[PDB]
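Enquirer: Handing you this structure, nothing more for now.
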Amino acid sequence: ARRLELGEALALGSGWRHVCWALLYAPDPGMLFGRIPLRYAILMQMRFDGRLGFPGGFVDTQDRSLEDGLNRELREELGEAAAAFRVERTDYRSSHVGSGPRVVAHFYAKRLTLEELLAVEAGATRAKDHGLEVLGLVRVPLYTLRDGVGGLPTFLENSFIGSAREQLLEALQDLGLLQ
Amino acid sequence: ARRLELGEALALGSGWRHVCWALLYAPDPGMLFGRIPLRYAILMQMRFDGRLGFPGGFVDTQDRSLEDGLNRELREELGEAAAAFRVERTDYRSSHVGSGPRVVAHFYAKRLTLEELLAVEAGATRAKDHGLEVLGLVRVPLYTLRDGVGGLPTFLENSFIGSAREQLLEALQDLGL
Ligand code: NA
């Protein structure tokens, strides 16, 4: 897909929709079976349309900026625990020309505490969106199991919204969250 | 993949292993967007290997029964709120046998109240397996969006464990989908 600089993405015409996406993650010393290290807890969401994506949403008229809407979309999607933290410009990573009509996507990534992250998993089922535009949260498995396939490689065979799969890969590399 | 009656599978030597799956569902009057009926809320686990499947698991020998073992497995995976109900032999649907691995797979379905099922979802992250063998719970979308693609058919392009996708399609056919 077509990478764009943030400023050129804000410059696009009035017929463009802007959509904001957050990778929310925290460190995880946990060990699966006491032997495979999780390394980090990273969240993704099953969308209404059967696809895996990131938390976020379309920025609306009364949004004074990308971040105020992003955070607003998160609270609607994840519930009150999202209020504990605020995704900010420093967390911004990239902007992409999405798919379909005139849509451009902004990708953020925000390190939390494991308690913060867990507190968002635990309340996510009382949110406005849940059971409607949102079907379920899952953690991205960062390990590859003994048969060579189960874990991350298998998990990437799933359906992703737009280009989420590519943004995820890029972010695990840039943030060093594998190997 | 062959189909077996229960007593046939229960006769088989002790070294054969047993795996038991439960499809938990509940009527959901909900309307997605105000326009698309949900009909039923059904739950699926995303297992540790990246594959989606029903809650369930292997029986160990401290499990007396197919059902104790199944019901043991659900408490571990979904938490305390699984105790609201017990999956019984009356909810048995079928059994299947594989090629290579010597395991019989038994399939169950258990009708909940919607509040029962939401308590299972709400309580799910305090379950022992959460963040280890279970990565999270999804609902199954039973609709198809206008495009013929978004919804159930895309949900079906995910990766699944074993006979889950099939077991789901089987259960949807009986329910009136
Ligand atoms: Na599991």
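In the structure tokens, chains take letters A, B, ... by order of appearance, with residues numbered from 1 within each chain and ligands from 1 in the order shown.
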So which residues are near ligand 1, meaning at most 8 Å away with only C-alpha atoms and all ligand atoms counted, given back as an mmCIF file with C-alpha atoms, in the first residue's frame?
Expert:
```
data_model
loop_
_atom_site.group_PDB
_atom_site.id
_atom_site.type_symbol
_atom_site.label_atom_id
_atom_site.label_comp_id
_atom_site.auth_asym_id
_atom_site.auth_seq_id
_atom_site.Cartn_x
_atom_site.Cartn_y
_atom_site.Cartn_z
ATOM 1 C CA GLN B 45 -12.080 -19.140 21.634
ATOM 2 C CA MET B 46 -8.997 -18.054 19.760
ATOM 3 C CA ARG B 47 -6.604 -20.794 20.773
ATOM 4 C CA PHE B 48 -2.910 -20.249 21.446
ATOM 5 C CA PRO B 55 -14.422 -24.079 24.041
ATOM 6 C CA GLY B 56 -13.640 -27.639 25.065
ATOM 7 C CA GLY B 57 -10.638 -29.915 25.415
ATOM 8 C CA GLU B 77 -11.112 -21.644 29.799
ATOM 9 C CA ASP B 129 -6.171 -20.011 30.571
ATOM 10 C CA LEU B 132 -1.851 -18.670 27.744
ATOM 11 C CA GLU B 133 -3.880 -21.363 25.981
ATOM 12 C CA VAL B 134 -6.688 -18.908 25.242
ATOM 13 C CA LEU B 135 -5.945 -15.598 23.508
#
```
Enquirer: Enumerate as a PyMOL selection string all residues of range 25-168 of chain B assigned to helix (DSSP H, G or I) by DSSP on the backbone, naming them with the chain letters and numbers the document uses.
Expert: chain B and resi 66-78+80-84+89-91+114-122+124-126+152-155+164-168
Enquirer: So, counting only C-alpha atoms, which residue among B:68, B:62, B:39, B:122 is closest to residue 177 in chain B?
Expert: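 Ranked by minimum distance to residue 177 in chain B, first place goes to B:39.
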Enquirer: Kindly provide the residues of chain B that approach chain A to within 6 Å, each paired with its closest atom pair and their distance in Å to one decimal, based on only C-alpha atoms, listed by chain and increasing number, as a tab-separated table.
Expert:
```
residue	atom	partner	partner_atom	distance
B:32	CA	A:132	CA	5.6
B:49	CA	A:151	CA	4.1
B:50	CA	A:155	CA	4.1
B:122	CA	A:125	CA	5.8
B:125	CA	A:122	CA	5.8
B:132	CA	A:32	CA	5.5
B:135	CA	A:138	CA	5.1
B:136	CA	A:138	CA	4.4
B:137	CA	A:136	CA	5.5
B:138	CA	A:136	CA	4.0
B:139	CA	A:135	CA	5.1
B:150	CA	A:49	CA	4.7
B:151	CA	A:49	CA	4.3
B:154	CA	A:50	CA	5.4
B:155	CA	A:50	CA	4.2
B:158	CA	A:158	CA	4.3
B:159	CA	A:158	CA	5.9
```
Enquirer: May I ask which of the residues B:82, B:163, B:89, B:106 is the closest one to residue 123 in chain B, counting only C-alpha atoms?
Expert: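 Using only C-alpha atoms, the shortest distance to residue 123 in chain B belongs to B:82.
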